[PDB]
Amino acid sequence: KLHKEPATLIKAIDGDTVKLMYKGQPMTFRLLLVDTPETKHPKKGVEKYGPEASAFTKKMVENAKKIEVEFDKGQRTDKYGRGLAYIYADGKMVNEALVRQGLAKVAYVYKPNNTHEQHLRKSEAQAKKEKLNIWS
Ligand SMILES: Cc1cn([C@H]2C[C@H](OP(=O)(O)O)[C@@H](COP(=O)(O)O)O2)c(=O)[nH]c1=O
Ligand SMILES: [Co+2]
């Protein structure tokens, strides 16, 4: 079934992308099922809440004493070679934490990499209802 594996932070990149050492390899990982507002990509600009989603992820992974990587059941890497996973910082899923704060939307739902979809949809509806950030 799904299993959590250890990883080590090298550097946070932005809201949904973090570089980690995973089984001795530096790899960058893209957070499954979420999309945060983009900081720097000229083809969208800096969207509202981009600095804030990036600050949230940075803080959460840099202060964690234990980072874990949990891959889903389909593809492990996307077309850019990034690892696709659920990242947990001290047992808390970062992908859910950003959606619960209204700093990410549930996006890019590619079957069968969707085991936590319902869990994430539940947090997003609670953040919309609370008119948090992206929803305010
Ligand atoms: C989250 C995710 C993104 N991607 C791809 C879709 C997008 O491709 P394109 O670049 O063609 O738009 C891109 C979005 O990533 P970012 O949101 O980091 O830009 O990464 C996947 O292929 N699978 C995934 O599960
Ligand atoms: Co994006």
# chains A, B, ... in the order shown; residues from 1 in each chain; ligands from 1
$ residues_near_ligand --ligand "ligand 1" --cutoff "12 Å" --atoms "only C-alpha atoms and all ligand atoms" --output "PyMOL selection string"
chain A and resi 13-18+28-44+50+71-86+95+104-114
$ write_last_selection --atoms "C-alpha atoms" --output "tab-separated table (two decimals), in the first residue's frame"
chain	number	residue	atom	x	y	z
A	13	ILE	CA	12.03	26.02	-3.95
A	14	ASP	CA	8.51	27.38	-3.64
A	15	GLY	CA	4.94	26.54	-2.57
A	16	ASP	CA	4.79	23.08	-4.10
A	17	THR	CA	8.34	22.19	-5.07
A	18	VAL	CA	11.13	21.14	-2.61
A	28	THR	CA	13.29	17.86	-6.70
A	29	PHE	CA	9.81	16.83	-5.74
A	30	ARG	CA	6.57	18.30	-6.80
A	31	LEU	CA	3.69	18.04	-4.30
A	32	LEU	CA	0.93	15.73	-5.53
A	33	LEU	CA	-2.62	17.14	-6.15
A	34	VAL	CA	-2.06	20.77	-5.31
A	35	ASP	CA	-1.23	23.89	-7.15
A	36	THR	CA	0.11	26.93	-5.37
A	37	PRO	CA	0.24	30.50	-6.83
A	38	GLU	CA	3.42	31.04	-8.72
A	39	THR	CA	6.15	33.25	-7.56
A	40	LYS	CA	8.53	33.32	-10.56
A	41	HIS	CA	7.51	32.02	-13.94
A	42	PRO	CA	7.10	34.96	-16.42
A	43	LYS	CA	4.37	32.99	-18.23
A	44	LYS	CA	1.88	33.71	-15.37
A	50	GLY	CA	2.57	33.11	-4.29
A	71	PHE	CA	4.65	8.16	-3.39
A	72	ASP	CA	1.19	7.24	-4.66
A	73	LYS	CA	0.37	4.14	-6.69
A	74	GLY	CA	1.00	5.37	-10.28
A	75	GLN	CA	3.91	7.31	-11.82
A	76	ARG	CA	6.62	8.38	-9.41
A	77	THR	CA	8.10	11.11	-11.61
A	78	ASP	CA	6.47	13.61	-14.01
A	79	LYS	CA	7.82	14.64	-17.52
A	80	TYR	CA	10.35	17.07	-15.95
A	81	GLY	CA	11.94	14.31	-13.81
A	82	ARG	CA	10.52	15.66	-10.54
A	83	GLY	CA	9.41	13.07	-7.89
A	84	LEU	CA	5.62	13.15	-7.39
A	85	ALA	CA	4.71	12.57	-3.72
A	86	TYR	CA	2.91	13.48	-0.54
A	95	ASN	CA	0.12	19.17	0.71
A	104	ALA	CA	-3.15	26.00	-2.75
A	105	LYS	CA	-5.97	24.60	-4.80
A	106	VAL	CA	-6.57	20.87	-5.47
A	107	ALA	CA	-5.17	20.62	-9.03
A	108	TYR	CA	-3.56	18.17	-11.54
A	109	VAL	CA	-5.60	15.13	-10.58
A	110	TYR	CA	-4.06	12.38	-12.70
A	111	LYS	CA	-5.54	8.91	-11.96
A	112	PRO	CA	-4.32	6.63	-10.32
A	113	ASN	CA	-2.15	9.08	-8.38
A	114	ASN	CA	-5.12	10.27	-6.38
$ residues_around --residues "residue 130 of chain A" --least-positions-apart "6" --cutoff "12 Å" --atoms "only C-alpha atoms" --output "list in words"
residues 100, 101, 102, 123, 124 and 136 of chain A
$ select_by_dssp --residues "chain A" --states "alpha helix (DSSP H)" --output "ChimeraX atom specification"
/A:50-63,94-100,117-129
$ write_last_selection --atoms "N, CA, C and O atoms" --output "CSV table (one decimal), in the first residue's frame"
chain,number,residue,atom,x,y,z
A,50,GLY,N,1.3,33.8,-4.0
A,50,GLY,CA,2.6,33.1,-4.3
A,50,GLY,C,3.7,33.3,-3.2
A,50,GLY,O,4.1,32.2,-2.7
A,51,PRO,N,4.1,34.5,-2.8
A,51,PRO,CA,5.1,34.6,-1.7
A,51,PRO,C,4.8,33.9,-0.4
A,51,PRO,O,5.6,33.3,0.3
A,52,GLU,N,3.5,33.9,-0.1
A,52,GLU,CA,2.9,33.4,1.1
A,52,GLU,C,2.9,31.9,1.1
A,52,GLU,O,3.3,31.3,2.1
A,53,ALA,N,2.4,31.2,0.0
A,53,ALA,CA,2.5,29.8,-0.2
A,53,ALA,C,4.0,29.3,-0.1
A,53,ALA,O,4.3,28.4,0.7
A,54,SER,N,4.9,30.0,-0.8
A,54,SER,CA,6.3,29.6,-0.6
A,54,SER,C,6.9,29.8,0.7
A,54,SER,O,7.7,28.9,1.1
A,55,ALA,N,6.5,30.8,1.5
A,55,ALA,CA,7.0,31.0,2.9
A,55,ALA,C,6.5,29.9,3.8
A,55,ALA,O,7.2,29.3,4.6
A,56,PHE,N,5.2,29.6,3.6
A,56,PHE,CA,4.5,28.5,4.4
A,56,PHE,C,5.3,27.2,4.2
A,56,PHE,O,5.8,26.6,5.2
A,57,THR,N,5.5,26.7,3.0
A,57,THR,CA,6.2,25.4,2.7
A,57,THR,C,7.6,25.5,3.3
A,57,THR,O,8.1,24.6,4.0
A,58,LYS,N,8.4,26.6,3.0
A,58,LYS,CA,9.7,26.7,3.5
A,58,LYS,C,9.8,26.6,5.0
A,58,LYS,O,10.6,25.7,5.4
A,59,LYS,N,9.0,27.3,5.7
A,59,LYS,CA,9.0,27.2,7.1
A,59,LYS,C,8.7,25.9,7.7
A,59,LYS,O,9.4,25.3,8.4
A,60,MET,N,7.6,25.3,7.1
A,60,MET,CA,7.2,23.9,7.5
A,60,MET,C,8.3,22.9,7.3
A,60,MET,O,8.5,22.0,8.2
A,61,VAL,N,8.9,22.8,6.1
A,61,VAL,CA,10.0,21.8,5.9
A,61,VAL,C,11.3,22.2,6.6
A,61,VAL,O,12.0,21.3,7.1
A,62,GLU,N,11.6,23.5,6.8
A,62,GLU,CA,12.9,23.8,7.4
A,62,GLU,C,12.9,23.6,8.9
A,62,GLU,O,13.9,23.2,9.5
A,63,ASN,N,11.7,23.8,9.5
A,63,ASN,CA,11.6,23.5,11.0
A,63,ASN,C,11.3,22.0,11.4
A,63,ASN,O,11.3,21.7,12.5
A,94,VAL,N,2.3,18.3,4.2
A,94,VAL,CA,2.5,19.6,3.7
A,94,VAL,C,1.4,19.9,2.6
A,94,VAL,O,0.9,21.0,2.6
A,95,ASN,N,1.1,18.9,1.8
A,95,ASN,CA,0.1,19.2,0.7
A,95,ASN,C,-1.2,19.6,1.3
A,95,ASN,O,-2.0,20.5,0.8
A,96,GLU,N,-1.6,18.9,2.5
A,96,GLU,CA,-2.9,19.2,3.1
A,96,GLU,C,-2.9,20.5,3.8
A,96,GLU,O,-3.8,21.3,3.7
A,97,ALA,N,-1.8,20.7,4.6
A,97,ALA,CA,-1.6,22.0,5.3
A,97,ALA,C,-1.7,23.2,4.4
A,97,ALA,O,-2.5,24.2,4.7
A,98,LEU,N,-1.2,23.2,3.2
A,98,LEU,CA,-1.4,24.4,2.3
A,98,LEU,C,-2.8,24.6,1.8
A,98,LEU,O,-3.3,25.7,1.7
A,99,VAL,N,-3.4,23.5,1.4
A,99,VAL,CA,-4.8,23.5,1.0
A,99,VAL,C,-5.7,24.0,2.2
A,99,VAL,O,-6.6,24.9,2.0
A,100,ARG,N,-5.5,23.5,3.4
A,100,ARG,CA,-6.3,23.9,4.6
A,100,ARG,C,-6.2,25.4,4.9
A,100,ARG,O,-7.2,25.9,5.4
A,117,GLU,N,-7.1,12.4,-2.6
A,117,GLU,CA,-8.0,13.4,-3.2
A,117,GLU,C,-9.1,13.8,-2.4
A,117,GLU,O,-9.3,15.0,-2.2
A,118,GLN,N,-9.8,12.9,-1.8
A,118,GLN,CA,-11.0,13.1,-1.0
A,118,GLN,C,-10.5,13.9,0.3
A,118,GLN,O,-11.2,14.9,0.6
A,119,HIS,N,-9.5,13.5,0.9
A,119,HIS,CA,-8.9,14.1,2.1
A,119,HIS,C,-8.6,15.6,1.8
A,119,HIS,O,-9.1,16.5,2.4
A,120,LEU,N,-7.9,15.8,0.7
A,120,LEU,CA,-7.6,17.2,0.2
A,120,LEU,C,-8.8,18.0,-0.2
A,120,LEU,O,-8.9,19.2,0.1
A,121,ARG,N,-9.8,17.4,-0.8
A,121,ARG,CA,-11.0,18.1,-1.2
A,121,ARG,C,-11.7,18.6,0.1
A,121,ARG,O,-12.3,19.7,0.0
A,122,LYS,N,-11.8,17.8,1.1
A,122,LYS,CA,-12.4,18.1,2.4
A,122,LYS,C,-11.7,19.3,3.0
A,122,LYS,O,-12.4,20.3,3.4
A,123,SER,N,-10.4,19.4,3.0
A,123,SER,CA,-9.7,20.6,3.5
A,123,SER,C,-9.9,21.9,2.7
A,123,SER,O,-9.9,23.0,3.3
A,124,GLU,N,-9.9,21.8,1.4
A,124,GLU,CA,-10.2,22.9,0.5
A,124,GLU,C,-11.6,23.4,0.7
A,124,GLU,O,-11.7,24.6,0.8
A,125,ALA,N,-12.6,22.6,0.8
A,125,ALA,CA,-14.0,23.1,1.1
A,125,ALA,C,-14.0,23.8,2.4
A,125,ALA,O,-14.6,24.9,2.5
A,126,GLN,N,-13.4,23.3,3.5
A,126,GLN,CA,-13.3,24.1,4.7
A,126,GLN,C,-12.6,25.4,4.6
A,126,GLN,O,-13.1,26.3,5.2
A,127,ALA,N,-11.5,25.5,3.8
A,127,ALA,CA,-10.8,26.8,3.6
A,127,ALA,C,-11.7,27.8,2.8
A,127,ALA,O,-11.6,29.0,3.0
A,128,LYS,N,-12.5,27.3,1.8
A,128,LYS,CA,-13.3,28.2,1.0
A,128,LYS,C,-14.4,28.7,1.8
A,128,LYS,O,-14.6,29.9,1.8
A,129,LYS,N,-15.0,27.9,2.6
A,129,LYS,CA,-16.1,28.2,3.6
A,129,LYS,C,-15.5,29.2,4.6
A,129,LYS,O,-16.3,30.1,5.0
$ closest_residue --among "A:6, A:27, A:115, A:1" --to "residue 90 of chain A" --atoms "only C-alpha atoms"
A:6
$ residues_around --residues "residue 22 of chain A" --least-positions-apart "2" --cutoff "8 Å" --atoms "only C-alpha atoms" --output "PyMOL selection string"
chain A and resi 6-8+20+24-27
$ select_by_dssp --residues "chain A" --states "strand (DSSP E or B)" --output "PyMOL selection string"
chain A and resi 5-14+17-22+25-31+34-35+67-71+77+83-89+92-93+105-106
$ closest_residue --among "A:21, A:10, A:103, A:67" --to "ligand 2" --atoms "only C-alpha atoms and all ligand atoms"
A:103
$ closest_residue --among "A:70, A:116, A:47, A:91" --to "residue 134 of chain A" --atoms "only C-alpha atoms"
A:47
$ closest_residue --among "A:19, A:3, A:12, A:46" --to "ligand 2" --atoms "only C-alpha atoms and all ligand atoms"
A:46
$ atom_distance --atom1 "atom CA of residue 93 of chain A" --atom2 "atom CA of residue 9 of chain A"
14.9 Å
$ decode --residues "segment 26-50 of chain A" --atoms "N, CA and C atoms" --output "compact mmCIF listing (two decimals), in the first residue's frame"
# COMPACT_ATOMS: atom_id res chain seq x y z
N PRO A 26 19.98 13.79 -4.79
CA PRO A 26 19.20 15.02 -4.82
C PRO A 26 18.20 14.81 -5.92
N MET A 27 16.98 15.13 -5.55
CA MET A 27 15.87 15.10 -6.47
C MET A 27 14.96 16.29 -6.16
N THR A 28 14.32 16.93 -7.12
CA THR A 28 13.29 17.86 -6.70
C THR A 28 11.95 17.11 -6.83
N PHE A 29 11.08 17.47 -5.91
CA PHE A 29 9.81 16.83 -5.74
C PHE A 29 8.76 17.86 -5.92
N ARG A 30 7.71 17.47 -6.59
CA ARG A 30 6.57 18.30 -6.80
C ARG A 30 5.45 17.63 -5.97
N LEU A 31 4.77 18.48 -5.17
CA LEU A 31 3.69 18.04 -4.30
C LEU A 31 2.50 17.58 -5.11
N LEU A 32 2.10 16.33 -4.89
CA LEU A 32 0.93 15.73 -5.53
C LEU A 32 -0.38 16.49 -5.17
N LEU A 33 -1.24 16.67 -6.19
CA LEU A 33 -2.62 17.14 -6.15
C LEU A 33 -2.83 18.57 -5.75
N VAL A 34 -1.84 19.40 -5.71
CA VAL A 34 -2.06 20.77 -5.31
C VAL A 34 -1.35 21.63 -6.33
N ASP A 35 -1.84 22.85 -6.39
CA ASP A 35 -1.23 23.89 -7.15
C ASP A 35 -1.16 25.15 -6.30
N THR A 36 0.04 25.67 -6.06
CA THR A 36 0.11 26.93 -5.37
C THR A 36 0.28 28.05 -6.41
N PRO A 37 -0.17 29.29 -6.14
CA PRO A 37 0.24 30.50 -6.83
C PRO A 37 1.74 30.62 -6.99
N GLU A 38 2.05 30.97 -8.25
CA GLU A 38 3.42 31.04 -8.72
C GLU A 38 4.04 32.37 -8.40
N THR A 39 5.24 32.19 -7.88
CA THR A 39 6.15 33.25 -7.56
C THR A 39 6.85 33.76 -8.84
N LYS A 40 7.73 32.93 -9.42
CA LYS A 40 8.53 33.32 -10.56
C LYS A 40 8.43 32.29 -11.66
N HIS A 41 7.67 32.71 -12.66
CA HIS A 41 7.51 32.02 -13.94
C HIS A 41 6.87 33.11 -14.80
N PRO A 42 7.59 33.78 -15.71
CA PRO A 42 7.10 34.96 -16.42
C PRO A 42 5.80 34.69 -17.20
N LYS A 43 5.55 33.42 -17.51
CA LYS A 43 4.37 32.99 -18.23
C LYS A 43 3.07 32.97 -17.40
N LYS A 44 3.09 33.47 -16.16
CA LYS A 44 1.88 33.71 -15.37
C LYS A 44 2.08 35.01 -14.58
N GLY A 45 3.33 35.28 -14.14
CA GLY A 45 3.68 36.43 -13.31
C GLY A 45 3.86 35.94 -11.86
N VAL A 46 3.60 36.83 -10.88
CA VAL A 46 3.61 36.45 -9.47
C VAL A 46 2.13 36.59 -9.13
N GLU A 47 1.51 35.48 -8.78
CA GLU A 47 0.12 35.54 -8.47
C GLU A 47 -0.03 35.90 -7.01
N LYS A 48 -1.24 36.35 -6.67
CA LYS A 48 -1.59 36.65 -5.29
C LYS A 48 -1.53 35.31 -4.60
N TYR A 49 -0.82 35.45 -3.46
CA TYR A 49 -0.50 34.47 -2.45
C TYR A 49 0.69 33.60 -2.80
N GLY A 50 1.33 33.79 -3.96
CA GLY A 50 2.57 33.11 -4.29
C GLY A 50 3.65 33.27 -3.21
